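J.: mmCIF, C-alpha atoms and all ligand atoms, file structure-v5.cif:
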```
data_upload
loop_
_atom_site.group_PDB
_atom_site.id
_atom_site.type_symbol
_atom_site.label_atom_id
_atom_site.label_comp_id
_atom_site.auth_asym_id
_atom_site.auth_seq_id
_atom_site.Cartn_x
_atom_site.Cartn_y
_atom_site.Cartn_z
ATOM 1 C CA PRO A 33 131.235 188.405 86.888
ATOM 2 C CA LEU A 34 129.164 190.473 89.350
ATOM 3 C CA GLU A 35 126.047 191.661 87.458
ATOM 4 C CA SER A 36 125.893 188.146 85.967
ATOM 5 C CA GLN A 37 126.152 186.202 89.262
ATOM 6 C CA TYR A 38 123.565 188.230 91.220
ATOM 7 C CA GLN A 39 120.243 189.687 90.290
ATOM 8 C CA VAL A 40 119.487 193.120 91.787
ATOM 9 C CA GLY A 41 116.165 194.138 93.269
ATOM 10 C CA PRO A 42 114.703 196.944 95.342
ATOM 11 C CA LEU A 43 116.897 199.310 97.368
ATOM 12 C CA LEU A 44 116.769 198.318 101.074
ATOM 13 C CA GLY A 45 118.267 201.567 102.384
ATOM 14 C CA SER A 46 120.955 204.191 102.179
ATOM 15 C CA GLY A 47 122.827 206.617 104.344
ATOM 16 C CA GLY A 48 126.388 207.094 105.587
ATOM 17 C CA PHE A 49 127.165 203.410 105.143
ATOM 18 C CA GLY A 50 126.220 203.558 101.382
ATOM 19 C CA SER A 51 123.407 201.802 99.506
ATOM 20 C CA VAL A 52 122.108 198.328 100.095
ATOM 21 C CA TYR A 53 119.881 196.408 97.714
ATOM 22 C CA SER A 54 117.893 193.246 97.831
ATOM 23 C CA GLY A 55 119.377 190.604 95.656
ATOM 24 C CA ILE A 56 119.226 187.023 94.613
ATOM 25 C CA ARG A 57 122.105 184.718 93.799
ATOM 26 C CA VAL A 58 121.415 183.119 90.376
ATOM 27 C CA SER A 59 123.517 180.011 91.185
ATOM 28 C CA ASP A 60 120.581 179.147 93.547
ATOM 29 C CA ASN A 61 118.072 181.667 94.695
ATOM 30 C CA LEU A 62 119.718 182.702 98.040
ATOM 31 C CA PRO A 63 118.342 185.914 99.122
ATOM 32 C CA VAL A 64 121.262 188.298 99.594
ATOM 33 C CA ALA A 65 121.954 191.941 100.282
ATOM 34 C CA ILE A 66 124.211 193.907 98.016
ATOM 35 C CA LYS A 67 126.052 196.742 99.704
ATOM 36 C CA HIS A 68 127.753 199.436 97.696
ATOM 37 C CA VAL A 69 130.377 201.571 99.341
ATOM 38 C CA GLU A 70 132.115 204.437 97.554
ATOM 39 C CA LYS A 71 135.956 204.575 97.762
ATOM 40 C CA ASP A 72 135.861 208.348 98.462
ATOM 41 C CA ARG A 73 133.902 207.884 101.652
ATOM 42 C CA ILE A 74 136.105 205.168 103.227
ATOM 43 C CA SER A 75 138.210 206.874 105.939
ATOM 44 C CA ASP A 76 139.659 203.577 107.124
ATOM 45 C CA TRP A 77 141.408 200.725 105.239
ATOM 46 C CA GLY A 78 142.871 197.370 106.066
ATOM 47 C CA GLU A 79 144.516 194.456 104.352
ATOM 48 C CA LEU A 80 143.695 190.767 103.924
ATOM 49 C CA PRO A 81 145.947 187.788 104.615
ATOM 50 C CA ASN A 82 146.921 187.627 100.882
ATOM 51 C CA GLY A 83 147.683 191.323 101.377
ATOM 52 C CA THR A 84 145.270 193.493 99.303
ATOM 53 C CA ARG A 85 144.070 197.009 100.105
ATOM 54 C CA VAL A 86 140.438 196.806 101.324
ATOM 55 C CA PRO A 87 137.847 198.708 103.405
ATOM 56 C CA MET A 88 138.073 197.688 107.068
ATOM 57 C CA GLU A 89 134.508 196.390 107.028
ATOM 58 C CA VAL A 90 135.677 193.541 104.805
ATOM 59 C CA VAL A 91 138.546 192.675 107.090
ATOM 60 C CA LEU A 92 136.174 192.664 110.055
ATOM 61 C CA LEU A 93 133.411 190.725 108.314
ATOM 62 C CA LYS A 94 135.965 188.153 107.174
ATOM 63 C CA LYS A 95 137.198 187.618 110.713
ATOM 64 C CA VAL A 96 133.657 187.058 112.066
ATOM 65 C CA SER A 97 132.077 185.305 109.067
ATOM 66 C CA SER A 98 133.456 181.852 109.961
ATOM 67 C CA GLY A 99 130.890 179.465 111.411
ATOM 68 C CA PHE A 100 127.370 180.404 112.404
ATOM 69 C CA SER A 101 126.446 183.123 114.807
ATOM 70 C CA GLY A 102 124.378 186.245 115.203
ATOM 71 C CA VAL A 103 126.414 188.130 112.663
ATOM 72 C CA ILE A 104 125.354 188.581 109.080
ATOM 73 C CA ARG A 105 127.935 186.927 106.896
ATOM 74 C CA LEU A 106 129.968 188.308 104.047
ATOM 75 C CA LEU A 107 129.340 185.877 101.206
ATOM 76 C CA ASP A 108 131.590 187.664 98.722
ATOM 77 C CA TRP A 109 132.861 191.066 97.703
ATOM 78 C CA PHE A 110 133.973 192.998 94.584
ATOM 79 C CA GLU A 111 136.028 196.029 93.765
ATOM 80 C CA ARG A 112 135.010 198.579 91.146
ATOM 81 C CA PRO A 113 136.814 201.623 89.979
ATOM 82 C CA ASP A 114 135.006 203.938 92.462
ATOM 83 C CA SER A 115 133.183 201.628 94.825
ATOM 84 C CA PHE A 116 133.446 198.317 96.741
ATOM 85 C CA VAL A 117 130.515 195.961 96.631
ATOM 86 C CA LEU A 118 129.691 193.495 99.344
ATOM 87 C CA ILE A 119 127.359 190.576 99.166
ATOM 88 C CA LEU A 120 125.736 189.589 102.462
ATOM 89 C CA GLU A 121 123.155 187.132 103.791
ATOM 90 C CA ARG A 122 119.568 188.293 103.669
ATOM 91 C CA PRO A 123 117.034 186.605 105.906
ATOM 92 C CA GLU A 124 113.592 186.354 104.540
ATOM 93 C CA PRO A 125 111.339 187.821 106.014
ATOM 94 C CA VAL A 126 113.329 190.289 108.054
ATOM 95 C CA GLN A 127 112.853 193.536 109.988
ATOM 96 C CA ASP A 128 115.340 195.740 111.707
ATOM 97 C CA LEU A 129 114.891 196.446 115.399
ATOM 98 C CA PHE A 130 114.403 200.138 114.861
ATOM 99 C CA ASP A 131 111.290 199.517 112.750
ATOM 100 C CA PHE A 132 110.147 196.780 115.022
ATOM 101 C CA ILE A 133 110.319 199.058 118.082
ATOM 102 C CA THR A 134 108.880 201.972 116.089
ATOM 103 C CA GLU A 135 105.868 199.745 115.186
ATOM 104 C CA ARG A 136 105.208 197.920 118.476
ATOM 105 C CA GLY A 137 106.558 200.399 121.030
ATOM 106 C CA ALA A 138 108.207 199.194 124.217
ATOM 107 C CA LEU A 139 108.896 195.460 124.270
ATOM 108 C CA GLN A 140 107.657 193.035 126.862
ATOM 109 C CA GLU A 141 110.558 192.080 129.139
ATOM 110 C CA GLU A 142 110.496 188.492 128.039
ATOM 111 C CA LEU A 143 110.961 189.447 124.433
ATOM 112 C CA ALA A 144 113.550 192.141 125.339
ATOM 113 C CA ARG A 145 115.429 189.519 127.400
ATOM 114 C CA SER A 146 115.515 187.184 124.442
ATOM 115 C CA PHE A 147 116.665 189.854 122.000
ATOM 116 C CA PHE A 148 119.164 191.303 124.428
ATOM 117 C CA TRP A 149 120.701 187.899 125.124
ATOM 118 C CA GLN A 150 121.173 187.203 121.430
ATOM 119 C CA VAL A 151 122.910 190.540 120.928
ATOM 120 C CA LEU A 152 125.203 189.709 123.793
ATOM 121 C CA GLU A 153 126.059 186.366 122.213
ATOM 122 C CA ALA A 154 126.735 188.116 118.880
ATOM 123 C CA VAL A 155 128.967 190.761 120.401
ATOM 124 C CA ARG A 156 130.818 188.106 122.434
ATOM 125 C CA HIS A 157 131.347 186.309 119.215
ATOM 126 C CA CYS A 158 132.792 189.435 117.616
ATOM 127 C CA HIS A 159 135.051 190.342 120.602
ATOM 128 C CA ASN A 160 136.252 186.813 120.253
ATOM 129 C CA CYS A 161 137.206 187.002 116.625
ATOM 130 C CA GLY A 162 139.207 190.180 117.394
ATOM 131 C CA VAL A 163 136.493 192.545 116.107
ATOM 132 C CA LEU A 164 134.801 195.456 117.810
ATOM 133 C CA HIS A 165 131.518 196.655 116.103
ATOM 134 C CA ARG A 166 131.377 200.179 117.664
ATOM 135 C CA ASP A 167 127.823 201.080 116.577
ATOM 136 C CA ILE A 168 125.568 198.557 118.327
ATOM 137 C CA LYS A 169 122.082 200.084 118.143
ATOM 138 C CA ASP A 170 118.507 199.205 117.049
ATOM 139 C CA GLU A 171 119.045 199.876 113.392
ATOM 140 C CA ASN A 172 122.115 197.666 113.206
ATOM 141 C CA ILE A 173 120.190 194.629 114.311
ATOM 142 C CA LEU A 174 118.072 192.545 111.970
ATOM 143 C CA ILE A 175 115.309 190.256 113.095
ATOM 144 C CA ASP A 176 114.630 187.078 111.220
ATOM 145 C CA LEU A 177 110.877 187.159 111.859
ATOM 146 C CA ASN A 178 110.407 183.364 111.438
ATOM 147 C CA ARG A 179 113.256 181.923 113.383
ATOM 148 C CA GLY A 180 113.281 184.701 116.051
ATOM 149 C CA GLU A 181 117.004 185.118 115.415
ATOM 150 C CA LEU A 182 118.748 188.515 115.679
ATOM 151 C CA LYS A 183 121.737 189.346 113.429
ATOM 152 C CA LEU A 184 124.209 192.253 113.658
ATOM 153 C CA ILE A 185 124.865 194.224 110.537
ATOM 154 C CA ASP A 186 126.926 197.285 109.988
ATOM 155 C CA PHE A 187 130.660 196.884 110.547
ATOM 156 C CA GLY A 188 131.729 200.037 108.806
ATOM 157 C CA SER A 189 132.664 201.977 111.998
ATOM 158 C CA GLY A 190 134.228 198.830 113.400
ATOM 159 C CA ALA A 191 137.805 198.248 114.432
ATOM 160 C CA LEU A 192 140.151 195.527 115.446
ATOM 161 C CA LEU A 193 139.799 194.803 119.098
ATOM 162 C CA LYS A 194 142.717 195.951 121.194
ATOM 163 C CA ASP A 195 143.371 196.623 124.876
ATOM 164 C CA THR A 196 144.705 200.190 124.549
ATOM 165 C CA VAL A 197 142.664 203.372 124.213
ATOM 166 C CA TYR A 198 140.648 204.479 121.162
ATOM 167 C CA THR A 199 140.641 208.119 120.206
ATOM 168 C CA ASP A 200 138.436 207.949 117.082
ATOM 169 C CA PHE A 201 134.663 207.238 116.980
ATOM 170 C CA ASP A 202 132.124 207.004 114.197
ATOM 171 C CA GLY A 203 129.032 205.522 115.729
ATOM 172 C CA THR A 204 126.022 207.427 116.819
ATOM 173 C CA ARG A 205 126.438 210.261 119.222
ATOM 174 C CA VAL A 206 123.435 209.436 121.449
ATOM 175 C CA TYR A 207 124.880 205.941 121.798
ATOM 176 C CA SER A 208 128.411 207.200 122.696
ATOM 177 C CA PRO A 209 129.689 206.917 126.201
ATOM 178 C CA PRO A 210 130.365 209.803 128.504
ATOM 179 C CA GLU A 211 134.147 209.255 128.440
ATOM 180 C CA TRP A 212 134.058 209.856 124.676
ATOM 181 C CA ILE A 213 131.963 213.006 125.084
ATOM 182 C CA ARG A 214 134.244 214.471 127.796
ATOM 183 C CA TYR A 215 137.724 213.186 126.811
ATOM 184 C CA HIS A 216 137.589 211.845 123.291
ATOM 185 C CA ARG A 217 138.874 208.524 124.592
ATOM 186 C CA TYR A 218 137.438 205.091 125.427
ATOM 187 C CA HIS A 219 138.282 201.401 125.661
ATOM 188 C CA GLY A 220 136.369 198.868 123.525
ATOM 189 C CA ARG A 221 134.622 196.529 125.916
ATOM 190 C CA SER A 222 133.450 199.160 128.330
ATOM 191 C CA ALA A 223 132.230 201.434 125.523
ATOM 192 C CA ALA A 224 130.355 198.466 124.033
ATOM 193 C CA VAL A 225 128.729 197.747 127.381
ATOM 194 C CA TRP A 226 127.531 201.333 127.615
ATOM 195 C CA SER A 227 125.957 201.141 124.219
ATOM 196 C CA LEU A 228 124.352 197.865 125.250
ATOM 197 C CA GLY A 229 122.855 199.743 128.180
ATOM 198 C CA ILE A 230 121.407 202.271 125.758
ATOM 199 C CA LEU A 231 120.091 199.448 123.624
ATOM 200 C CA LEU A 232 118.362 197.714 126.494
ATOM 201 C CA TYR A 233 116.630 200.895 127.690
ATOM 202 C CA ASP A 234 115.473 201.412 124.135
ATOM 203 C CA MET A 235 113.981 197.950 123.980
ATOM 204 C CA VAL A 236 112.089 198.329 127.244
ATOM 205 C CA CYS A 237 111.048 201.982 126.978
ATOM 206 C CA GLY A 238 110.495 202.298 123.222
ATOM 207 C CA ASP A 239 112.994 205.134 123.058
ATOM 208 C CA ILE A 240 116.587 206.035 123.941
ATOM 209 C CA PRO A 241 117.417 207.454 127.369
ATOM 210 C CA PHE A 242 119.556 210.469 126.390
ATOM 211 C CA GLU A 243 119.337 213.027 123.675
ATOM 212 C CA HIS A 244 121.960 215.710 124.469
ATOM 213 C CA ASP A 245 125.553 215.619 125.637
ATOM 214 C CA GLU A 246 124.727 217.010 129.070
ATOM 215 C CA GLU A 247 122.309 214.137 129.720
ATOM 216 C CA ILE A 248 124.902 211.567 128.743
ATOM 217 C CA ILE A 249 127.564 213.146 130.962
ATOM 218 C CA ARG A 250 125.087 213.423 133.826
ATOM 219 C CA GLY A 251 124.148 209.778 133.169
ATOM 220 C CA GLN A 252 120.911 209.823 135.125
ATOM 221 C CA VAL A 253 118.232 207.472 133.899
ATOM 222 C CA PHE A 254 114.523 208.188 134.038
ATOM 223 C CA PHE A 255 112.041 205.539 133.163
ATOM 224 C CA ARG A 256 109.002 206.732 131.238
ATOM 225 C CA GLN A 257 107.543 203.211 131.245
ATOM 226 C CA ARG A 258 106.868 200.423 133.803
ATOM 227 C CA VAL A 259 110.011 198.271 134.035
ATOM 228 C CA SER A 260 110.974 195.704 136.669
ATOM 229 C CA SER A 261 112.947 196.394 139.897
ATOM 230 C CA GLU A 262 115.532 194.348 138.035
ATOM 231 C CA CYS A 263 115.763 195.464 134.406
ATOM 232 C CA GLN A 264 116.298 198.943 135.849
ATOM 233 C CA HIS A 265 119.274 197.735 137.838
ATOM 234 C CA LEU A 266 121.056 196.065 134.890
ATOM 235 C CA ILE A 267 120.453 199.068 132.736
ATOM 236 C CA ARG A 268 121.900 201.518 135.265
ATOM 237 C CA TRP A 269 124.864 199.258 135.818
ATOM 238 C CA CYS A 270 125.752 199.206 132.061
ATOM 239 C CA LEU A 271 125.270 202.989 132.055
ATOM 240 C CA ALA A 272 127.604 203.663 134.999
ATOM 241 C CA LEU A 273 129.561 206.878 134.346
ATOM 242 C CA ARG A 274 132.884 205.369 135.322
ATOM 243 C CA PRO A 275 133.845 202.681 132.753
ATOM 244 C CA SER A 276 135.399 200.504 135.484
ATOM 245 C CA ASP A 277 132.017 200.382 137.269
ATOM 246 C CA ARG A 278 130.317 198.783 134.260
ATOM 247 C CA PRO A 279 129.793 195.046 134.097
ATOM 248 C CA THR A 280 131.645 192.579 131.906
ATOM 249 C CA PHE A 281 129.641 190.494 129.456
ATOM 250 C CA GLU A 282 129.864 187.653 131.878
ATOM 251 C CA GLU A 283 128.314 189.717 134.632
ATOM 252 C CA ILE A 284 125.587 191.013 132.299
ATOM 253 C CA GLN A 285 124.680 187.455 131.355
ATOM 254 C CA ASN A 286 124.720 186.279 135.026
ATOM 255 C CA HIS A 287 122.474 189.081 136.126
ATOM 256 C CA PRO A 288 119.108 188.013 137.636
ATOM 257 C CA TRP A 289 117.131 189.721 134.870
ATOM 258 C CA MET A 290 118.941 187.569 132.304
ATOM 259 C CA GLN A 291 117.757 184.220 133.863
ATOM 260 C CA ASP A 292 115.460 181.861 131.899
ATOM 261 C CA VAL A 293 115.853 183.333 128.472
ATOM 262 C CA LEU A 294 113.642 181.840 125.785
ATOM 263 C CA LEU A 295 115.132 180.182 122.750
ATOM 264 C CA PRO A 296 114.737 182.012 119.474
ATOM 265 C CA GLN A 297 112.127 179.639 118.016
ATOM 266 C CA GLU A 298 109.760 179.962 121.075
ATOM 267 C CA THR A 299 110.434 183.672 120.971
ATOM 268 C CA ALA A 300 109.118 183.898 117.437
ATOM 269 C CA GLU A 301 106.204 181.544 118.289
ATOM 270 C CA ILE A 302 105.070 183.629 121.238
ATOM 271 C CA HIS A 303 105.960 187.103 120.064
ATOM 272 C CA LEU A 304 106.391 187.251 116.282
ATOM 273 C CA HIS A 305 103.803 184.719 114.888
HETATM 274 N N1 LIG A 401 113.866 197.552 107.596
HETATM 275 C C1 LIG A 401 114.629 197.559 106.351
HETATM 276 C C2 LIG A 401 116.136 197.321 106.619
HETATM 277 N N2 LIG A 401 117.012 197.789 105.529
HETATM 278 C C3 LIG A 401 118.468 198.045 105.733
HETATM 279 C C4 LIG A 401 118.945 199.319 105.999
HETATM 280 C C5 LIG A 401 120.263 199.575 106.190
HETATM 281 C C6 LIG A 401 121.212 198.579 106.116
HETATM 282 N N3 LIG A 401 122.633 198.892 106.320
HETATM 283 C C7 LIG A 401 123.189 199.036 107.667
HETATM 284 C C8 LIG A 401 122.250 199.778 108.667
HETATM 285 N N4 LIG A 401 122.897 200.962 109.188
HETATM 286 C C9 LIG A 401 120.821 197.223 105.819
HETATM 287 C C10 LIG A 401 119.420 196.992 105.642
HETATM 288 C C11 LIG A 401 118.971 195.661 105.382
HETATM 289 O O1 LIG A 401 117.631 195.441 105.230
HETATM 290 C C12 LIG A 401 119.864 194.502 105.295
HETATM 291 C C13 LIG A 401 119.365 193.199 105.038
HETATM 292 O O2 LIG A 401 118.030 192.995 104.892
HETATM 293 C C14 LIG A 401 120.240 192.143 104.963
HETATM 294 C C15 LIG A 401 121.557 192.332 105.134
HETATM 295 C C16 LIG A 401 122.051 193.565 105.370
HETATM 296 O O3 LIG A 401 123.389 193.742 105.558
HETATM 297 C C17 LIG A 401 121.221 194.694 105.468
HETATM 298 C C18 LIG A 401 121.757 196.063 105.743
HETATM 299 O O4 LIG A 401 123.115 196.163 105.921
#
```
Do you think you could lay out the structure here as structure tokens?

T.:
Amino acid sequence: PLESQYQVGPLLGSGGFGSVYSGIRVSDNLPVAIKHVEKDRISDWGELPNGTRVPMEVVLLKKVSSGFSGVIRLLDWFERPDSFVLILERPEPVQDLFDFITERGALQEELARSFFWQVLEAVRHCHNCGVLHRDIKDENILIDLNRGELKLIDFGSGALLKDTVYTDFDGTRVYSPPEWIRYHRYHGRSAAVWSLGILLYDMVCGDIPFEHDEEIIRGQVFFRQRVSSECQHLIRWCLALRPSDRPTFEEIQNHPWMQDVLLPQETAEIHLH
């Protein structure tokens, strides 16, 4: 019922997460994305309500796929003998933040503020549904170029949210917090805030702040680009070396630099049309 119900198109990308293709639902022509994951490469399984043995990503996507938000929704999934196949929303036209930043360089603050806010709403939404993404970064964010709406995408290093320590990590090194580098332990929220700090610097400087472990552990931020006596404060706060010194989501969103965010539509009008 799978190769009948959807019509495959060009490969969107591939890497550690598997292979994703552009697709159309035949039922009606909904653009979709078709994600193939191989059973051999899934380190980490879960189980649905009705109690079947699935990749965690599916658990996590199912928990966050209710209602609207800034998360790309699991429409359906299939099992095959050696692979699981996931069908996801596909905005049209779309561009991931990595390519966007790669093309246009450092982002004007107003646009960064709008993007950053929407990520924060998306991650709040996830933390709310009991899900922790664990790999928030430019290439896990899609931009709907028309609506100016950001969407989070790759839940395959994700985990159920919990208040005790984590001692496994699969996201990107350069995005990992110092407490992971030094101790191989972190807590969810504060590790997410650190990665959000990395993300924001990226947005406003066109590039990530830290390359090597020693830089992360030293946690000292140099700005290669002009950036406001404010955006630099928020960034450094999120990148505090001690987890307990980082802000909560609430504090990030009440920070002066986060005031007067544009709505997504006016964001696209001004900055993407
Ligand atoms: N700029 C081209 C972006 N291509 C992707 C690369 C990796 C990738 N996987 C995770 C990145 N690490 C995805 C995509 C998608 O375009 C995409 C999409 O257009 C709609 C829905 C999607 O889920 C993806 C998606 O998961």

J.: Step by step: start from the point (122.7, 210.5, 122.4) in the file's coordinates, keep every protein, DNA or RNA residue that has an atom no farther than 6 Å from it, count only C-alpha atoms, and write the set as JSON, numbers by chain.

T.: {"A": [205, 206, 207, 242, 243, 244]}

J.: Neighbours of ligand LIG 401 (chain A) at 6 Å or closer, counting all atoms listed in the file: which residues, as JSON, numbers by chain?

T.: {"A": [44, 45, 52, 65, 120, 121, 122, 127, 128, 171, 172, 185, 186]}

J.: Give me, please, the distance in Å between atom CA of residue 89 of chain A and atom CA of residue 40 of chain A, quoted to one decimal.

T.: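 Computing it gives 21.6 Å between the two atoms.
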
J.: On this file, the PyMOL selection byres (((chain A and resi 213-218) around 8) and not hetatm) gives some set of residues; write that set as an mmCIF file with C-alpha atoms, in the frame of the given file.

T.:
```
data_model
loop_
_atom_site.group_PDB
_atom_site.id
_atom_site.type_symbol
_atom_site.label_atom_id
_atom_site.label_comp_id
_atom_site.auth_asym_id
_atom_site.auth_seq_id
_atom_site.Cartn_x
_atom_site.Cartn_y
_atom_site.Cartn_z
ATOM 1 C CA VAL A 197 142.664 203.372 124.213
ATOM 2 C CA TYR A 198 140.648 204.479 121.162
ATOM 3 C CA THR A 199 140.641 208.119 120.206
ATOM 4 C CA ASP A 200 138.436 207.949 117.082
ATOM 5 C CA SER A 208 128.411 207.200 122.696
ATOM 6 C CA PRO A 209 129.689 206.917 126.201
ATOM 7 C CA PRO A 210 130.365 209.803 128.504
ATOM 8 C CA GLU A 211 134.147 209.255 128.440
ATOM 9 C CA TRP A 212 134.058 209.856 124.676
ATOM 10 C CA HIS A 219 138.282 201.401 125.661
ATOM 11 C CA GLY A 220 136.369 198.868 123.525
ATOM 12 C CA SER A 222 133.450 199.160 128.330
ATOM 13 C CA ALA A 223 132.230 201.434 125.523
ATOM 14 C CA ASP A 245 125.553 215.619 125.637
ATOM 15 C CA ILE A 249 127.564 213.146 130.962
#
```

J.: Can you tell me which residues surround residue 112 of chain A at a distance of at most 10 Å, considering only C-alpha atoms, apart from same-chain residues fewer than 3 positions away, and format the answer as a PyMOL selection string?

T.: chain A and resi 68-71+115-117

J.: Identify the residues around (127.4, 193.8, 129.9) within a radius of 8 Å, measuring from only C-alpha atoms in the coordinates stated by the file, and give them as a PyMOL selection string.

T.: chain A and resi 152+225-226+228-229+270+278-285

J.: So which residues touch residue 192 of chain A within 9 Å, counting all atoms listed in the file, skipping near sequence neighbours fewer than 6 positions away, as a ChimeraX atom specification?

T.: /A:88,91-92,159,162-165

J.: Could you state which residues are captured by the PyMOL selection byres (((chain A and resi 173) around 10) and not hetatm) in this file, as an MDAnalysis selection string?

T.: chainID A and resid 102:104 127:130 147 151 168:172 174:176 182:186

J.: Quick one: distance from atom CA of residue 50 of chain A to atom CA of residue 67 of chain A in Å, one decimal?

T.: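 One can read the atom CA of residue 50 of chain A to atom CA of residue 67 of chain A distance as 7.0 Å.
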
J.: One decimal, in Å: what's the spacing between atom CA of residue 255 of chain A and atom CA of residue 300 of chain A?

T.: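 Answer for the atom CA of residue 255 of chain A to atom CA of residue 300 of chain A separation: 26.9 Å.
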
J.: Please write out, as AutoDock Vina command-line options, where the centre of an axis-aligned box around all listed atoms of segment 144-148 of chain A lies and how long its edges are, in Å to one decimal, after adding 8 Å on each side.

T.:
```
--center_x 116.4 --center_y 189.7 --center_z 124.7 --size_x 21.6 --size_y 21.0 --size_z 21.4
```

J.: Between A:82, A:118, A:196, A:191, which is the closest to residue 34 of chain A once you count only C-alpha atoms?

T.: A:118

J.: Need to verify the contact set: residue 241 of chain A, 7 Å, only C-alpha atoms, exclusion of same-chain residues closer than 4 positions in sequence. Can you return it as number ranges by chain?

T.: A: 230, 233, 253

J.: Take the residues just selected and output them with C-alpha atoms as a JSON list (two decimals), in the frame of the given file.

T.:
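Result file out-v2.json:
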```json
[["chain", "number", "residue", "atom", "x", "y", "z"],
["A", 230, "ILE", "CA", 121.41, 202.27, 125.76],
["A", 233, "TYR", "CA", 116.63, 200.90, 127.69],
["A", 253, "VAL", "CA", 118.23, 207.47, 133.90]]
```

J.: Out of A:41, A:180, A:188, A:288, which residue has the shortest atom-to-atom distance to residue 304 of chain A when counting all atoms listed in the file?

T.: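 Looking only at the distances to residue 304 of chain A, the closest residue turns out to be A:180.
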
J.: Counting all atoms listed in the file, figure out which residue out of A:254, A:109, A:49, A:148 gets nearest to residue 190 of chain A.

T.: A:49

J.: Applying 12 Å and all atoms listed in the file, which residues near residue 35 of chain A remain after dropping the ones on its own chain fewer than 6 positions away? List them as a ChimeraX atom specification.

T.: /A:41,55-58,66,110,112,117,119

J.: May I ask which of the residues A:271, A:248, A:193, A:290 is the closest one to residue 157 of chain A, counting all atoms listed in the file?

T.: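 Of all the options, A:193 lies closest to residue 157 of chain A.
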
J.: Need to verify the contact set: residue 136 of chain A, 12 Å, only C-alpha atoms, exclusion of same-chain residues closer than 2 positions in sequence. Can you return it as a PDB file with C-alpha atoms, in the coordinates of the input?

T.:
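Here's the written file result-v9.pdb:
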```
ATOM      1  CA  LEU A 129     114.891 196.446 115.399  1.00  0.00           C
ATOM      2  CA  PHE A 130     114.403 200.138 114.861  1.00  0.00           C
ATOM      3  CA  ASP A 131     111.290 199.517 112.750  1.00  0.00           C
ATOM      4  CA  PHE A 132     110.147 196.780 115.022  1.00  0.00           C
ATOM      5  CA  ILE A 133     110.319 199.058 118.082  1.00  0.00           C
ATOM      6  CA  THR A 134     108.880 201.972 116.089  1.00  0.00           C
ATOM      7  CA  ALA A 138     108.207 199.194 124.217  1.00  0.00           C
ATOM      8  CA  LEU A 139     108.896 195.460 124.270  1.00  0.00           C
ATOM      9  CA  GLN A 140     107.657 193.035 126.862  1.00  0.00           C
ATOM     10  CA  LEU A 143     110.961 189.447 124.433  1.00  0.00           C
ATOM     11  CA  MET A 235     113.981 197.950 123.980  1.00  0.00           C
ATOM     12  CA  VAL A 236     112.089 198.329 127.244  1.00  0.00           C
ATOM     13  CA  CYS A 237     111.048 201.982 126.978  1.00  0.00           C
ATOM     14  CA  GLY A 238     110.495 202.298 123.222  1.00  0.00           C
ATOM     15  CA  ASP A 239     112.994 205.134 123.058  1.00  0.00           C
ATOM     16  CA  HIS A 303     105.960 187.103 120.064  1.00  0.00           C
ATOM     17  CA  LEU A 304     106.391 187.251 116.282  1.00  0.00           C
TER      18      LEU A 304
END
```

J.: Which residue, A:76, A:221, A:227, A:149, has the smallest gap to residue 276 of chain A when you use all atoms listed in the file?

T.: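 Closest to residue 276 of chain A, using all atoms listed in the file: A:221.
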